[PDB]
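J.: Starting from these lines, generate the structure:
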Amino acid sequence: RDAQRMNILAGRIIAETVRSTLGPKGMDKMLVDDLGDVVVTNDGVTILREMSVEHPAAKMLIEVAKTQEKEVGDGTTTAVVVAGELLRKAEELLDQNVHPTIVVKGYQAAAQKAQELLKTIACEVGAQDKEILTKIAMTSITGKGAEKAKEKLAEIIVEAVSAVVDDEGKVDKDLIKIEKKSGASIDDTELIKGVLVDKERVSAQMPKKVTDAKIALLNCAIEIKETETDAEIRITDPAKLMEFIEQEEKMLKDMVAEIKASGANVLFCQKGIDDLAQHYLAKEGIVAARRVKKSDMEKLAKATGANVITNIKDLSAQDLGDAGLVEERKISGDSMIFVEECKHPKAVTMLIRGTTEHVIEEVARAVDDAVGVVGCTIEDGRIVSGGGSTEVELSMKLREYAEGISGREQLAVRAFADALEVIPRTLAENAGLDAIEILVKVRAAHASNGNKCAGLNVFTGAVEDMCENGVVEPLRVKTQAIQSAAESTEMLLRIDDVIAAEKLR
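T.: Numbering: from 1, shown residues only. Below is the structure in question.
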C-alpha cells in the first residue's frame, strides 16, 4: 500500500555496510562477484562500481556523490552516512500524524541557516602564511599513514607548496607530479630549478655523464623525407648496400657538427636514430637523446630559458636552448639530473627515492593525495576546524534558535541536529569506547566561551587542540556534503514523475 516504505529501508543497508569503514583505521568488506576476484578498497566510489543493485531506488544516492567526488574527491563517504541517520529519525515522526511536506520543509531551512553559522566559525588561512602553512602539512600526512617520520617528511614536502605559489595566491594540482625510482632515502630529492624529463633512452650507447651541457629542445628527425606528390622508390641492384652508408655519413657529419659548433650540446630527438650514428657521439663526447615525451617542450619554455624550434637542421645561435644547473649525479647506477622547478610554477616533479621498489611505490599512493587536500586550502583560502568540533558547536545553537520557529516544522530542525553529531560517534566505536558517556564531556569544552579550535582526539581519547595537533579540514569538504545531502535525501520523499510500470523507455 505505502510502497515507499520498502525504499526507506534500502538506504540503511547500503549505508550500514559502509558505516564502520570510516576514519583511517577500519576494516574493508568485499563483495565477491560471480567471477571470483576478491578485492578490498576503503574508498567510497570504488566499492560502489563492482556491485549489483536490485531495486532501482538506489540510483539517486550515489549520483549525488559523483558530483562531489569529481571536485574534492575526498570525504564523500561522510555525506552518505549522515543521510541514513536522519532517515531513520523521519520514520519516528512519520507515524506521529506528520505529513512529509512538514519534514522536507525543515531540512531546507536548517541547511540554509547552517551556511551563515559556518562562515563565522570557518577559520582563515593565507597563501603566504609560512607559519600557518606548515600546520597544514602535519594535518595531511597524518591523515593517511606515515608516522614513522612525519616530523621530517612534513618539513621537506612543505617547501614545494611553499615555493610553487603564484602571485594571485592560488595553486592547482596539475602543476605537481610524482615519480618513483631507486635510491637511498627520500631526503636525496633536492629543489632548485627546472623540469625533469619523463621518458628515457631505449638503448645504452650515448654518453650518460657530462656535467654542464647546453640543452636543445626541438622536434624533428633526420630521415629521407618524401614529397607531397604521390611517389614511390624502386630498387633492383643488390650491389647497393655499402655505398650510401659512406655517402650518408657526409650529410650527418657536417649537419650534426652545426649542433656543437653553434653552442648546443644535448638534443632530444623525436624518432629513433640509426645505431651507427650513435657510436660517433660517444667518442666525440657529444650527448643526445630521443623519444622524448610531448608534454616536456612547453614545460621547459621558461623553466630554463630555451626556445622550441621545429626543424633541427637550421640550429643557429638564436635557436639555442638553455639549462639551469646540469649537475650529474650517480643514481645508484645510471647518472641523471633531478631538476625541480619552484620559482616559476609550471610542472614540478618531486620524484620519490628509496632502496626498494615496493616502498617507493607505497609513498606514491599517499603523496599524490596530499597535494590535493593541501592545495585546495590555498585556493579558496578558508578552512574549518574538523574532528567533530564544528558538529557539536552548531548543534548547541540550533536548539536555542529553534525556540523562535513556531509551528509544526520545529520537530525536524531538532531531530536534524542529532544527525550531525554522528561523525565523532563512528570514530569512538572504532576504538572500542562507549559513545554515550563521552558525548557529555565533549559539550563541556564547547559550552559557552569554548574555543572553536578545540575538538576531540581519537588516539589519546580526550579533548585536545585542533590547530596545534593538526586536525583542520577544508570548508568545501563539509559544506558541500551537508548542502548536497539535504537536496538528495528530500528526493525520496518527493514523488510525481516516478518510473512506474509504463514501458522501459
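
J.: Please make it C-alpha for all contacts and neighbour counts, starting now.
T.: Fine.

J.: what's near enough to touch residue 393?
T.: 446, 452 (Cα atoms under 8 Å, 6 or more residues apart in numbering).

J.: and the strand or helix carrying it, C-alpha only, in CSV?
T.: According to DSSP states H and E, residue 393 maps onto helix 389-401. Extracted in CSV, the C-alpha atoms of helix 389-401 (Å, rounded to 0.1, in the frame of the first residue of the first chain):
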residue,chain,number,x,y,z
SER,A,389,34.3,20.2,16.6
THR,A,390,32.0,22.0,14.1
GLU,A,391,29.4,19.3,14.6
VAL,A,392,28.8,19.8,18.4
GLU,A,393,29.3,23.6,18.1
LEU,A,394,26.3,24.1,15.7
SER,A,395,24.0,21.6,17.4
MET,A,396,24.0,23.7,20.6
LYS,A,397,23.0,26.8,18.7
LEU,A,398,20.2,25.3,16.6
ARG,A,399,18.3,24.3,19.7
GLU,A,400,18.2,27.8,21.0
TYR,A,401,17.3,29.3,17.6
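
J.: What segments of the stretch 51-200 of the chain are strands?
T.: 123-124, 176-177 (DSSP state E, counting those that start in this stretch).

J.: which helix is the longest one in this structure?
T.: Secondary structure of the chain per DSSP state H: the longest helix is helix 357-380.

J.: Okay, buried residues for that helix please.
T.: Within helix 357-380, the residues scored as buried using 16 or more other Cα atoms under 10 Å are 360-361, 363-364, 366-367, 369-378, 380.

J.: try stretch 483-498
T.: Buried residues in stretch 483-498 (16+ other Cα under 10 Å): 483-486, 488-490.

J.: and the next element down the chain from the longest helix of the chain?
T.: strand 382-385.

J.: part of a helix, is residue 424?
T.: Yes: the assignment for residue 424 by DSSP: H, G, I helix; E, B strand; the rest coil puts it in a helix.

J.: got a list of what it touches?
T.: Here residue 424 is in contact with 387-388, 456 (Cα under 8 Å, 6+ apart).

J.: how far away is the closest residue in space to residue 160 that isn't next to it in sequence from residue 373?
T.: Closest residue to residue 160 apart from its sequence neighbours, by Cα to Cα, 6 or more residues apart in numbering: residue 342 at 6.9 Å. Taking Cα to Cα, to the nearest Å as the measure, residue 342 falls 20 Å from residue 373.

J.: Report the buried residues of the helix holding residue 393.
T.: In helix 389-401, counting by 16+ other Cα under 10 Å, buried: 389-395, 398.

J.: Output the contacting helices and strands for the helix or strand following it.
T.: The helix or strand immediately downstream of helix 389-401 is helix 410-420, counting by DSSP H and E. Packing contacts for helix 410-420, counted by 3 or more Cα pairs under 8 Å, 6 or more residues apart in numbering; DSSP states H and E, involve helix 78-94, helix 100-121, helix 389-401.

J.: Tell me which of these sits nearest to residue 247.
T.: helix 78-94 (71.4 Å; Cα to Cα).
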